[PDB]
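Novice: Okay, so here is structure-v2.pdb, and as you'll see once you scroll down, it has PDB, C-alpha atoms and all ligand atoms.
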ATOM      1  CA  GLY W   1       6.592  -7.291 -12.138
ATOM      2  CA  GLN W   2       9.004  -9.063  -9.740
ATOM      3  CA  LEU W   3       9.764  -6.081  -7.531
ATOM      4  CA  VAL W   4      12.856  -7.117  -5.534
ATOM      5  CA  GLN W   5      14.199  -5.358  -2.441
ATOM      6  CA  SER W   6      17.984  -5.050  -2.348
ATOM      7  CA  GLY W   7      18.361  -6.072   1.299
ATOM      8  CA  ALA W   8      18.320  -5.258   5.009
ATOM      9  CA  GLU W   9      20.481  -2.764   6.921
ATOM     10  CA  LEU W  10      21.432  -2.665  10.631
ATOM     11  CA  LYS W  11      22.216   0.982  11.457
ATOM     12  CA  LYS W  12      22.911   3.094  14.548
ATOM     13  CA  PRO W  13      20.994   6.218  15.678
ATOM     14  CA  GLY W  14      21.857   9.260  13.588
ATOM     15  CA  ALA W  15      23.104   7.271  10.597
ATOM     16  CA  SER W  16      21.722   7.583   7.072
ATOM     17  CA  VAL W  17      20.518   4.491   5.191
ATOM     18  CA  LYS W  18      19.643   4.078   1.513
ATOM     19  CA  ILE W  19      16.943   1.443   0.951
ATOM     20  CA  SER W  20      16.450   0.286  -2.634
ATOM     21  CA  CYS W  21      14.219  -1.976  -4.703
ATOM     22  CA  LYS W  22      14.772  -3.290  -8.237
ATOM     23  CA  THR W  23      12.245  -4.194 -10.927
ATOM     24  CA  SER W  24      12.089  -6.758 -13.736
ATOM     25  CA  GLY W  25       9.159  -7.418 -16.077
ATOM     26  CA  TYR W  26       7.173  -4.177 -16.392
ATOM     27  CA  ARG W  27       7.531  -0.624 -17.661
ATOM     28  CA  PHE W  28       9.243   1.173 -14.785
ATOM     29  CA  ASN W  29       8.260   4.684 -15.893
ATOM     30  CA  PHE W  30       4.570   3.729 -16.231
ATOM     31  CA  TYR W  31       3.819   3.201 -12.510
ATOM     32  CA  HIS W  32       4.665   4.931  -9.246
ATOM     33  CA  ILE W  33       7.061   3.612  -6.616
ATOM     34  CA  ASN W  34       5.321   3.590  -3.249
ATOM     35  CA  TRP W  35       7.459   3.652  -0.074
ATOM     36  CA  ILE W  36       5.613   2.170   2.930
ATOM     37  CA  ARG W  37       6.784   0.866   6.321
ATOM     38  CA  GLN W  38       5.223  -1.395   8.961
ATOM     39  CA  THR W  39       6.451  -0.663  12.498
ATOM     40  CA  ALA W  40       6.103  -3.232  15.282
ATOM     41  CA  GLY W  41       4.673  -0.674  17.710
ATOM     42  CA  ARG W  42       2.370   1.126  15.245
ATOM     43  CA  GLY W  43       1.632  -1.017  12.192
ATOM     44  CA  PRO W  44       1.624   0.418   8.650
ATOM     45  CA  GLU W  45       2.515   4.115   8.621
ATOM     46  CA  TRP W  46       2.976   4.827   4.854
ATOM     47  CA  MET W  47       5.852   7.058   3.690
ATOM     48  CA  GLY W  48       5.450   8.479   0.178
ATOM     49  CA  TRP W  49       4.237   8.165  -3.420
ATOM     50  CA  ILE W  50       7.112   8.970  -5.858
ATOM     51  CA  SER W  51       6.668   9.014  -9.655
ATOM     52  CA  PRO W  52       9.578   7.529 -11.699
ATOM     53  CA  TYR W  53       8.458   9.370 -14.863
ATOM     54  CA  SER W  54       8.336  12.941 -13.544
ATOM     55  CA  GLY W  55       9.871  14.555 -10.489
ATOM     56  CA  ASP W  56       6.524  14.762  -8.686
ATOM     57  CA  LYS W  57       6.531  13.348  -5.151
ATOM     58  CA  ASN W  58       3.743  13.143  -2.558
ATOM     59  CA  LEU W  59       5.342  12.976   0.897
ATOM     60  CA  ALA W  60       3.543  12.537   4.197
ATOM     61  CA  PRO W  61       3.690  15.630   6.457
ATOM     62  CA  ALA W  62       5.156  13.311   9.102
ATOM     63  CA  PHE W  63       8.280  12.741   6.950
ATOM     64  CA  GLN W  64       8.865  15.982   5.028
ATOM     65  CA  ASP W  65      12.556  17.037   4.985
ATOM     66  CA  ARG W  66      13.594  13.875   6.865
ATOM     67  CA  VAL W  67      13.622  11.654   3.753
ATOM     68  CA  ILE W  68      14.933  12.289   0.217
ATOM     69  CA  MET W  69      13.261  10.125  -2.474
ATOM     70  CA  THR W  70      14.671   9.471  -5.975
ATOM     71  CA  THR W  71      14.443   7.095  -8.944
ATOM     72  CA  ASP W  72      16.896   5.894 -11.564
ATOM     73  CA  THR W  73      16.517   6.037 -15.322
ATOM     74  CA  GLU W  74      14.928   2.837 -16.612
ATOM     75  CA  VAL W  75      16.952   0.361 -18.681
ATOM     76  CA  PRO W  76      14.962  -0.754 -21.794
ATOM     77  CA  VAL W  77      15.612  -4.509 -21.692
ATOM     78  CA  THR W  78      12.625  -5.127 -24.001
ATOM     79  CA  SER W  79       9.607  -3.129 -25.116
ATOM     80  CA  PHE W  80       6.776  -3.126 -22.532
ATOM     81  CA  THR W  81       8.999  -5.054 -20.022
ATOM     82  CA  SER W  82      11.784  -2.763 -18.774
ATOM     83  CA  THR W  83      14.031  -2.765 -15.707
ATOM     84  CA  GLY W  84      15.136  -0.063 -13.313
ATOM     85  CA  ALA W  85      15.500   0.925  -9.686
ATOM     86  CA  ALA W  86      14.383   3.503  -7.142
ATOM     87  CA  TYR W  87      15.568   4.374  -3.660
ATOM     88  CA  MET W  88      15.105   6.714  -0.736
ATOM     89  CA  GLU W  89      17.388   7.951   2.054
ATOM     90  CA  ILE W  90      15.974   8.460   5.560
ATOM     91  CA  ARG W  91      18.005  10.921   7.645
ATOM     92  CA  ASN W  92      18.392  11.224  11.451
ATOM     93  CA  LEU W  93      16.793   7.860  12.260
ATOM     94  CA  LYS W  94      14.971   7.515  15.586
ATOM     95  CA  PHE W  95      14.290   4.381  17.616
ATOM     96  CA  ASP W  96      10.750   4.474  16.196
ATOM     97  CA  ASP W  97      12.052   4.165  12.605
ATOM     98  CA  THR W  98      12.467   0.374  12.892
ATOM     99  CA  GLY W  99      10.548  -2.621  11.567
ATOM    100  CA  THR W 100       9.907  -3.780   8.001
ATOM    101  CA  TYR W 101      10.051  -1.525   4.926
ATOM    102  CA  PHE W 102       8.301  -2.240   1.605
ATOM    103  CA  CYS W 103       8.464  -1.034  -1.990
ATOM    104  CA  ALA W 104       5.303  -1.186  -4.110
ATOM    105  CA  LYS W 105       4.297  -0.767  -7.748
ATOM    106  CA  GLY W 106       1.304   1.447  -8.449
ATOM    107  CA  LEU W 107      -1.966  -0.138  -9.518
ATOM    108  CA  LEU W 108      -3.060   1.980 -12.512
ATOM    109  CA  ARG W 109      -1.671   4.600 -14.860
ATOM    110  CA  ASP W 110      -4.850   6.731 -14.789
ATOM    111  CA  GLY W 111      -8.195   6.877 -12.993
ATOM    112  CA  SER W 112      -9.153   7.829  -9.461
ATOM    113  CA  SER W 113      -7.130   4.935  -7.975
ATOM    114  CA  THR W 114      -3.766   5.817  -9.569
ATOM    115  CA  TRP W 115      -0.598   5.860  -7.377
ATOM    116  CA  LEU W 116      -2.205   3.255  -5.063
ATOM    117  CA  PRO W 117       0.136   0.404  -3.950
ATOM    118  CA  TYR W 118      -0.580  -2.802  -5.871
ATOM    119  CA  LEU W 119       2.499  -5.028  -6.264
ATOM    120  CA  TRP W 120       4.532  -5.255  -3.067
ATOM    121  CA  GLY W 121       8.103  -6.444  -2.702
ATOM    122  CA  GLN W 122       9.464  -8.957  -0.235
ATOM    123  CA  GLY W 123      10.415  -6.287   2.305
ATOM    124  CA  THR W 124      13.525  -5.655   4.389
ATOM    125  CA  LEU W 125      14.274  -5.407   8.105
ATOM    126  CA  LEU W 126      15.649  -2.315   9.858
ATOM    127  CA  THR W 127      16.753  -2.549  13.504
ATOM    128  CA  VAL W 128      18.152   0.992  14.113
ATOM    129  CA  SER W 129      20.472  -0.350  16.816
TER     130      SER W 129
ATOM    131  CA  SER M   1      -4.518   6.580  14.561
ATOM    132  CA  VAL M   2      -7.062   8.689  12.643
ATOM    133  CA  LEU M   3      -8.803   5.903  10.678
ATOM    134  CA  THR M   4     -10.038   3.198  13.069
ATOM    135  CA  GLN M   5     -11.697  -0.219  12.964
ATOM    136  CA  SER M   6     -13.405  -2.482  15.495
ATOM    137  CA  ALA M   7      -9.961  -4.147  16.079
ATOM    138  CA  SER M   8     -11.465  -7.663  16.106
ATOM    139  CA  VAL M   9     -14.340  -9.277  14.192
ATOM    140  CA  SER M  10     -15.254 -12.951  13.797
ATOM    141  CA  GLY M  11     -17.505 -15.408  12.007
ATOM    142  CA  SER M  12     -18.035 -19.071  11.186
ATOM    143  CA  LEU M  13     -16.773 -21.012   8.163
ATOM    144  CA  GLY M  14     -19.207 -20.830   5.261
ATOM    145  CA  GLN M  15     -20.991 -17.726   6.558
ATOM    146  CA  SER M  16     -20.556 -13.996   5.898
ATOM    147  CA  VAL M  17     -18.707 -11.392   7.981
ATOM    148  CA  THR M  18     -18.602  -7.576   7.814
ATOM    149  CA  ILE M  19     -15.557  -5.419   8.651
ATOM    150  CA  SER M  20     -16.137  -1.672   9.080
ATOM    151  CA  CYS M  21     -13.921   1.421   8.964
ATOM    152  CA  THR M  22     -14.801   4.810  10.502
ATOM    153  CA  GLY M  23     -13.088   8.083  11.327
ATOM    154  CA  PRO M  24     -13.098  11.887  11.645
ATOM    155  CA  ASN M  25     -14.279  14.332   8.999
ATOM    156  CA  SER M  26     -10.732  14.580   7.618
ATOM    157  CA  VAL M  27     -11.169  10.937   6.502
ATOM    158  CA  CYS M  28     -14.899  11.273   5.765
ATOM    159  CA  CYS M  29     -16.219   8.632   3.377
ATOM    160  CA  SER M  30     -18.211  11.240   1.422
ATOM    161  CA  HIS M  31     -15.023  12.760  -0.084
ATOM    162  CA  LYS M  32     -12.245  10.140   0.002
ATOM    163  CA  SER M  33     -12.094   6.678  -1.520
ATOM    164  CA  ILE M  34     -11.554   3.648   0.718
ATOM    165  CA  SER M  35      -9.251   0.811  -0.346
ATOM    166  CA  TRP M  36      -8.840  -2.558   1.379
ATOM    167  CA  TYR M  37      -5.761  -4.780   1.728
ATOM    168  CA  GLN M  38      -5.038  -8.227   3.121
ATOM    169  CA  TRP M  39      -1.971  -7.822   5.369
ATOM    170  CA  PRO M  40      -0.737 -11.076   6.900
ATOM    171  CA  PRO M  41       1.935 -10.481   9.550
ATOM    172  CA  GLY M  42       5.447 -10.818   8.175
ATOM    173  CA  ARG M  43       4.303 -11.120   4.536
ATOM    174  CA  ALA M  44       3.606  -8.733   1.671
ATOM    175  CA  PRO M  45       0.116  -7.164   1.426
ATOM    176  CA  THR M  46      -2.359  -8.150  -1.274
ATOM    177  CA  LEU M  47      -4.757  -5.574  -2.724
ATOM    178  CA  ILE M  48      -8.437  -6.504  -2.400
ATOM    179  CA  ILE M  49     -10.647  -3.484  -3.228
ATOM    180  CA  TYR M  50      -8.907  -0.371  -4.673
ATOM    181  CA  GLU M  51     -12.067   1.826  -4.528
ATOM    182  CA  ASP M  52     -14.934   1.057  -2.080
ATOM    183  CA  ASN M  53     -16.330  -1.704  -4.343
ATOM    184  CA  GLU M  54     -13.876  -2.297  -7.240
ATOM    185  CA  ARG M  55     -12.476  -5.818  -6.917
ATOM    186  CA  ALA M  56      -8.771  -6.350  -7.559
ATOM    187  CA  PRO M  57      -7.668  -8.798 -10.288
ATOM    188  CA  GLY M  58      -7.621 -12.438  -9.264
ATOM    189  CA  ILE M  59      -9.759 -11.914  -6.145
ATOM    190  CA  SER M  60     -12.636 -14.357  -5.765
ATOM    191  CA  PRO M  61     -16.150 -12.838  -6.083
ATOM    192  CA  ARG M  62     -16.838 -13.722  -2.418
ATOM    193  CA  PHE M  63     -15.126 -10.435  -1.469
ATOM    194  CA  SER M  64     -17.288  -7.342  -1.949
ATOM    195  CA  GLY M  65     -17.872  -4.011  -0.291
ATOM    196  CA  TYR M  66     -19.945  -0.878   0.107
ATOM    197  CA  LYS M  67     -19.659   2.596   1.583
ATOM    198  CA  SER M  68     -21.905   4.790   3.724
ATOM    199  CA  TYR M  69     -21.581   8.520   4.401
ATOM    200  CA  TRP M  70     -20.174   7.798   7.883
ATOM    201  CA  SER M  71     -18.385   4.464   7.289
ATOM    202  CA  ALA M  72     -16.960   1.946   4.825
ATOM    203  CA  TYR M  73     -17.629  -1.797   4.795
ATOM    204  CA  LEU M  74     -15.908  -4.914   3.464
ATOM    205  CA  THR M  75     -18.119  -8.016   3.234
ATOM    206  CA  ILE M  76     -16.382 -11.398   3.206
ATOM    207  CA  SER M  77     -18.602 -14.316   2.226
ATOM    208  CA  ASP M  78     -17.718 -17.982   2.833
ATOM    209  CA  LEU M  79     -14.874 -17.473   5.309
ATOM    210  CA  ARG M  80     -11.913 -19.802   4.729
ATOM    211  CA  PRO M  81      -8.948 -20.557   7.052
ATOM    212  CA  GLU M  82      -6.665 -18.334   4.968
ATOM    213  CA  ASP M  83      -8.979 -15.402   5.777
ATOM    214  CA  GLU M  84      -7.795 -15.417   9.410
ATOM    215  CA  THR M  85      -5.166 -12.785   8.593
ATOM    216  CA  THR M  86      -5.497  -9.146   9.607
ATOM    217  CA  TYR M  87      -7.153  -6.855   7.029
ATOM    218  CA  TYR M  88      -6.513  -3.098   6.767
ATOM    219  CA  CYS M  89      -8.372  -0.276   4.986
ATOM    220  CA  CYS M  90      -6.550   2.931   3.948
ATOM    221  CA  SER M  91      -8.342   6.084   2.617
ATOM    222  CA  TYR M  92      -7.067   8.270  -0.264
ATOM    223  CA  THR M  93      -7.789  10.666  -3.111
ATOM    224  CA  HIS M  94      -6.337  10.954  -6.595
ATOM    225  CA  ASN M  95      -4.126  13.848  -5.354
ATOM    226  CA  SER M  96      -3.159  12.649  -1.866
ATOM    227  CA  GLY M  97      -1.528   9.646  -0.246
ATOM    228  CA  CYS M  98      -3.444   6.725   1.212
ATOM    229  CA  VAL M  99      -3.698   7.035   5.010
ATOM    230  CA  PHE M 100      -3.732   3.695   6.799
ATOM    231  CA  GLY M 101      -5.972   2.850   9.729
ATOM    232  CA  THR M 102      -5.838   0.228  12.429
ATOM    233  CA  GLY M 103      -6.271  -3.436  11.564
ATOM    234  CA  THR M 104      -8.974  -6.010  12.198
ATOM    235  CA  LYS M 105      -8.275  -9.661  12.925
ATOM    236  CA  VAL M 106     -10.686 -12.364  11.765
ATOM    237  CA  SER M 107     -11.381 -15.494  13.807
ATOM    238  CA  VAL M 108     -12.500 -18.330  11.534
ATOM    239  CA  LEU M 109     -14.561 -20.694  13.713
ATOM    240  CA  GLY M 110     -15.114 -24.439  13.425
ATOM    241  CA  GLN M 111     -11.598 -25.634  12.533
ATOM    242  CA  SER M 112     -10.116 -28.984  13.506
TER     243      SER M 112
HETATM  244  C1  LIG E 201       3.182   8.955 -20.166
HETATM  245  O1  LIG E 201       3.073   8.052 -19.096
HETATM  246  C2  LIG E 201       3.176   8.681 -17.856
HETATM  247  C3  LIG E 201       3.295   7.573 -16.847
HETATM  248  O2  LIG E 201       2.214   6.689 -17.010
HETATM  249  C4  LIG E 201       1.904   9.519 -17.728
HETATM  250  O3  LIG E 201       1.846  10.099 -16.432
HETATM  251  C5  LIG E 201       0.636   9.680 -15.732
HETATM  252  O4  LIG E 201      -0.496  10.417 -16.227
HETATM  253  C6  LIG E 201      -1.695  10.190 -15.517
HETATM  254  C7  LIG E 201      -2.796  10.943 -16.223
HETATM  255  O5  LIG E 201      -2.452  12.306 -16.283
HETATM  256  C8  LIG E 201      -1.450  10.679 -14.099
HETATM  257  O6  LIG E 201      -2.666  10.650 -13.372
HETATM  258  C9  LIG E 201      -3.039  11.938 -12.830
HETATM  259  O7  LIG E 201      -2.491  12.160 -11.537
HETATM  260  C10 LIG E 201      -2.821  13.420 -10.991
HETATM  261  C11 LIG E 201      -1.981  13.624  -9.738
HETATM  262  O8  LIG E 201      -0.921  14.505 -10.060
HETATM  263  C12 LIG E 201      -1.167  15.868  -9.646
HETATM  264  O9  LIG E 201      -1.387  15.986  -8.264
HETATM  265  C13 LIG E 201      -0.355  15.516  -7.414
HETATM  266  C14 LIG E 201      -0.805  15.730  -5.982
HETATM  267  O10 LIG E 201      -0.687  14.526  -5.265
HETATM  268  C15 LIG E 201       0.948  16.266  -7.703
HETATM  269  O11 LIG E 201       2.039  15.709  -7.002
HETATM  270  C16 LIG E 201       1.266  16.175  -9.188
HETATM  271  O12 LIG E 201       2.377  16.968  -9.525
HETATM  272  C17 LIG E 201       0.085  16.659 -10.024
HETATM  273  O13 LIG E 201      -0.188  18.021  -9.802
HETATM  274  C18 LIG E 201      -4.310  13.422 -10.733
HETATM  275  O14 LIG E 201      -4.688  14.637 -10.111
HETATM  276  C19 LIG E 201      -5.040  13.293 -12.066
HETATM  277  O15 LIG E 201      -6.429  13.240 -11.873
HETATM  278  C20 LIG E 201      -7.193  13.471 -13.069
HETATM  279  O16 LIG E 201      -8.255  12.563 -13.118
HETATM  280  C21 LIG E 201      -9.117  12.592 -11.991
HETATM  281  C22 LIG E 201     -10.121  11.474 -12.166
HETATM  282  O17 LIG E 201      -9.425  10.291 -12.469
HETATM  283  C23 LIG E 201      -9.785  13.966 -11.883
HETATM  284  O18 LIG E 201     -10.511  14.099 -10.679
HETATM  285  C24 LIG E 201      -8.724  15.064 -11.876
HETATM  286  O19 LIG E 201      -9.307  16.340 -12.002
HETATM  287  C25 LIG E 201      -7.733  14.901 -13.026
HETATM  288  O20 LIG E 201      -8.340  15.153 -14.269
HETATM  289  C26 LIG E 201      -4.571  11.983 -12.740
HETATM  290  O21 LIG E 201      -5.029  10.862 -12.039
HETATM  291  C27 LIG E 201      -0.425   9.800 -13.415
HETATM  292  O22 LIG E 201      -0.195  10.220 -12.104
HETATM  293  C28 LIG E 201       0.884   9.839 -14.192
HETATM  294  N1  LIG E 201       1.776   8.813 -13.716
HETATM  295  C29 LIG E 201       3.106   8.993 -13.560
HETATM  296  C30 LIG E 201       3.894   7.797 -13.082
HETATM  297  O23 LIG E 201       3.673  10.043 -13.816
HETATM  298  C31 LIG E 201       1.906  10.611 -18.787
HETATM  299  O24 LIG E 201       0.737  11.384 -18.727
HETATM  300  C32 LIG E 201       2.038   9.983 -20.177
HETATM  301  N2  LIG E 201       2.250  10.996 -21.176
HETATM  302  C33 LIG E 201       1.338  11.365 -22.098
HETATM  303  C34 LIG E 201       1.771  12.455 -23.045
HETATM  304  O25 LIG E 201       0.223  10.877 -22.184
HETATM  305  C1  LIG E 202      -1.909  -3.401 -15.665
HETATM  306  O1  LIG E 202      -1.100  -3.847 -16.726
HETATM  307  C2  LIG E 202       0.067  -4.544 -16.343
HETATM  308  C3  LIG E 202       0.899  -4.811 -17.578
HETATM  309  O2  LIG E 202       0.288  -5.822 -18.347
HETATM  310  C4  LIG E 202      -0.651  -5.234 -19.276
HETATM  311  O3  LIG E 202      -1.847  -5.967 -19.282
HETATM  312  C5  LIG E 202      -1.709  -7.346 -19.607
HETATM  313  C6  LIG E 202      -3.063  -8.006 -19.471
HETATM  314  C7  LIG E 202      -1.121  -7.464 -21.013
HETATM  315  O4  LIG E 202      -1.999  -6.983 -22.003
HETATM  316  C8  LIG E 202       0.201  -6.701 -21.097
HETATM  317  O5  LIG E 202       0.683  -6.692 -22.416
HETATM  318  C9  LIG E 202      -0.020  -5.258 -20.671
HETATM  319  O6  LIG E 202       1.199  -4.573 -20.579
HETATM  320  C10 LIG E 202      -0.328  -5.809 -15.581
HETATM  321  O7  LIG E 202       0.830  -6.434 -15.070
HETATM  322  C11 LIG E 202       1.075  -7.818 -15.485
HETATM  323  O8  LIG E 202       1.064  -7.970 -16.906
HETATM  324  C12 LIG E 202       1.357  -9.296 -17.331
HETATM  325  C13 LIG E 202       1.495  -9.334 -18.838
HETATM  326  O9  LIG E 202       2.127 -10.534 -19.210
HETATM  327  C14 LIG E 202       0.286 -10.258 -16.795
HETATM  328  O10 LIG E 202       0.503 -11.606 -17.159
HETATM  329  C15 LIG E 202       0.278 -10.183 -15.279
HETATM  330  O11 LIG E 202      -0.712 -11.010 -14.728
HETATM  331  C16 LIG E 202      -0.006  -8.747 -14.867
HETATM  332  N1  LIG E 202      -0.090  -8.653 -13.434
HETATM  333  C17 LIG E 202       0.959  -8.706 -12.595
HETATM  334  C18 LIG E 202       0.609  -8.588 -11.134
HETATM  335  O12 LIG E 202       2.118  -8.846 -12.957
HETATM  336  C19 LIG E 202      -1.173  -5.400 -14.384
HETATM  337  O13 LIG E 202      -1.642  -6.521 -13.685
HETATM  338  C20 LIG E 202      -2.385  -4.606 -14.853
HETATM  339  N2  LIG E 202      -3.120  -4.112 -13.720
HETATM  340  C21 LIG E 202      -4.425  -4.340 -13.476
HETATM  341  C22 LIG E 202      -4.954  -3.704 -12.215
HETATM  342  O14 LIG E 202      -5.150  -5.007 -14.199
END
Give the structure from this file in structure tokens form.
Specialist:
Amino acid sequence: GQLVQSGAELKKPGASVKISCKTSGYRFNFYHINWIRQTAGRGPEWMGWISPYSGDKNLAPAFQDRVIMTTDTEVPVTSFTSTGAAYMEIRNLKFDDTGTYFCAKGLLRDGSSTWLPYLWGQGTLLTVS
Amino acid sequence: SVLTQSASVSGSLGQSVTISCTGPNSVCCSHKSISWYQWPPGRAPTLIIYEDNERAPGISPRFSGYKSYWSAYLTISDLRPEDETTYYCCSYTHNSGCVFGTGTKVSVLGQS
């Protein structure tokens, strides 16, 4: 699926940052985009499970209102192997909102395990400083 | 956090090791599914077991798992040096996000 993160950002407290990942080699609208972060002082925290097909989003209580999640319309490069992008904006960043952020493709389209992170991107660094 | 592990487990090369996950009733194993992930520091995670015992594609049969009413277990047979990385288990349902617990490191004994 070659999920590729656009890159790192080095922001200041109170700034807004848009973090984005691109896809190449799978049907973008078939699987969820999972936003997860790993923080040096906490470890993996998770962030949200956003569907690129519908508008449905499942956002952690910890991050409701703080972060706005959205996806782009897929570009049909070839049948069964499309491209596209998704991104999220985290508002009012705190010193705790540092570390490495990941994008992930969902495992299955149906079944009890759907929306679960399966294919993870390279990840990007955020210093909030 | 809410979902916790033993923080550190160990075992010898060629033998088996068990990693357990426990937690409060809000993460009770009787209602929520437990997934497992290999999470080396600084590198992308790899999915191992999406649902208590369902093995992810490409994962050697030496990885397996089981669940008990009060806990969830990952069994790693024939430990290899690459298994030294920290493993994490996060619980979930089909209509709720996966909640991640603390990690467990693995010490692979008998190396040069
Ligand atoms: C075209 O392709 C798209 C993309 O693949 C399909 O959309 C997927 O469809 C599957 C099957 O319906 C979806 O899987 C379902 O997810 C539900 C979660 O959504 C509800 O709950 C969340 C709460 O977190 C809300 O945010 C959300 O709005 C919904 O209310 C599950 O609840 C469903 O569970 C079903 O099965 C389990 C057992 O497996 C039962 O216990 C449940 O009772 C229930 O029957 C189910 O897993 C998947 O999420 C969709 N993916 C995406 C990316 O959208 C379209 O369906 C498809 N179009 C057609 C016409 O087929
Ligand atoms: C879920 O399916 C996707 C999409 O591939 C589908 O399954 C393949 C076996 C093949 O029949 C495709 O035409 C289907 O669309 C899997 O993603 C990748 O698919 C390619 C297909 O060339 C395959 O070579 C890769 O190994 C697949 N895996 C990855 C990581 O890219 C995906 O793996 C399937 N998921 C599961 C859990 O089996």
Novice: Run through the ChimeraX specification (/M :<6) & /W on the given coordinates and return the selected residues as a ChimeraX atom specification.
Specialist: /W:112,118,120
Novice: Under the rule of at most 9 Å, produce a per-residue listing of chain W near ligand LIG 201 (chain E): chain, number, name, the closest pair of atoms, and the distance in Å, as CSV, using all atoms listed in the file.
Specialist:
residue,atom,partner,partner_atom,distance
W:28,CA,E:LIG201,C30,8.7
W:29,CA,E:LIG201,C3,5.8
W:30,CA,E:LIG201,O2,3.9
W:31,CA,E:LIG201,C30,4.6
W:32,CA,E:LIG201,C30,4.9
W:33,CA,E:LIG201,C30,8.3
W:49,CA,E:LIG201,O10,8.3
W:50,CA,E:LIG201,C30,8.0
W:51,CA,E:LIG201,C30,4.6
W:52,CA,E:LIG201,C30,5.9
W:53,CA,E:LIG201,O23,4.9
W:54,CA,E:LIG201,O23,5.5
W:55,CA,E:LIG201,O12,7.9
W:56,CA,E:LIG201,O12,4.8
W:57,CA,E:LIG201,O11,5.4
W:58,CA,E:LIG201,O10,5.4
W:59,CA,E:LIG201,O10,8.8
W:106,CA,E:LIG201,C30,8.3
W:108,CA,E:LIG201,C27,8.3
W:109,CA,E:LIG201,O2,4.9
W:110,CA,E:LIG201,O6,4.7
W:111,CA,E:LIG201,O17,3.7
W:112,CA,E:LIG201,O17,3.9
W:113,CA,E:LIG201,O17,7.4
W:114,CA,E:LIG201,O21,5.8
W:115,CA,E:LIG201,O22,6.4
Novice: When the PyMOL selection byres (((not hetatm)) within 8 of (chain E and resi 202)) is applied to the file above, which residues end up in the set, as a list in words?
Specialist: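 That expression, the PyMOL selection byres (((not hetatm)) within 8 of (chain E and resi 202)), corresponds here to residues 1, 2, 25, 26, 27, 80, 81, 107, 108, 118 and 119 of chain W; 56 and 57 of chain M.
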Novice: Got a sec to resolve the PyMOL selection byres (((chain W and resi 84) around 9) and not hetatm) on this structure and send the residues as number ranges by chain?
Specialist: W: 21-24, 27-29, 71-76, 82-83, 85-86
Novice: In Å to one decimal, how far is atom CA of residue M:29 from atom CA of residue M:68?
Specialist: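 Computing the Euclidean distance for atom CA of residue M:68 and atom CA of residue M:29 yields 6.9 Å.
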Novice: Taking all atoms of stretch 75-84 of chain W that the file lists and extending 3 Å past them on each side, where is the centre of the axis-aligned box and how long are its edges? Answer in Å to one decimal, as AutoDock Vina command-line options.
Specialist:
--center_x 11.9 --center_y -2.4 --center_z -19.2 --size_x 16.2 --size_y 11.5 --size_z 17.8
Novice: By how many Å are atom CA of residue W:93 and atom CA of residue W:3 apart?
Specialist: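 Those two atoms sit 25.2 Å apart.
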Novice: So how far away is atom CA of residue W:15 from atom CA of residue W:98, in Å?
Specialist: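 So the two atoms, atom CA of residue W:98 and atom CA of residue W:15, lie 12.9 Å apart.
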Novice: Using all atoms listed in the file, determine which residues lie at most 12 Å from residue M:60, disregarding the query and same-chain residues fewer than 6 positions distant; provide the list as a VMD selection string.
Specialist: chain M and resid 48 to 49 76 to 80
Novice: Please identify all polymer residues within 12 Å of stretch 5-14 of chain W, counting all atoms listed in the file, omitting same-chain residues fewer than 2 positions from it, and present them as an MDAnalysis selection string.
Specialist: (chainID W and resid 2:3 16:24 35 66 85:87 90:104 120:129) or (chainID M and resid 44)
Novice: Please tell me which residues are no farther than 12 Å from (-19.1, -19.1, 5.3) in the file, counting only C-alpha atoms, and write them as a list in words.
Specialist: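 The residues that fall inside the cut-off are residues 10, 11, 12, 13, 14, 15, 16, 17, 18, 62, 63, 75, 76, 77, 78, 79, 80, 81, 83, 108, 109 and 110 of chain M.
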Novice: Considering only C-alpha atoms, can you say which of W:34, W:43, W:117, W:77 comes closest to residue M:86?
Specialist: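 For residue M:86, the nearest of the given residues is W:43.
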Novice: Pick from M:85, M:71, M:38, M:30: nearest to residue M:8, with only C-alpha atoms counted?
Specialist: M:85
Novice: Tell me which residues come within 7 Å of (6.6, 4.5, 4.5), as a list in words, counting all atoms listed in the file in the file's coordinates.
Specialist: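 Final list of nearby residues, as requested, is residues 35, 36, 37, 45, 46, 47, 48 and 101 of chain W.
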Novice: Return the single residue from W:68, W:4, W:62, W:116 that is closest to residue W:88, with distances computed using all atoms listed in the file.
Specialist: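 Under the stated criterion, the closest residue is W:68.
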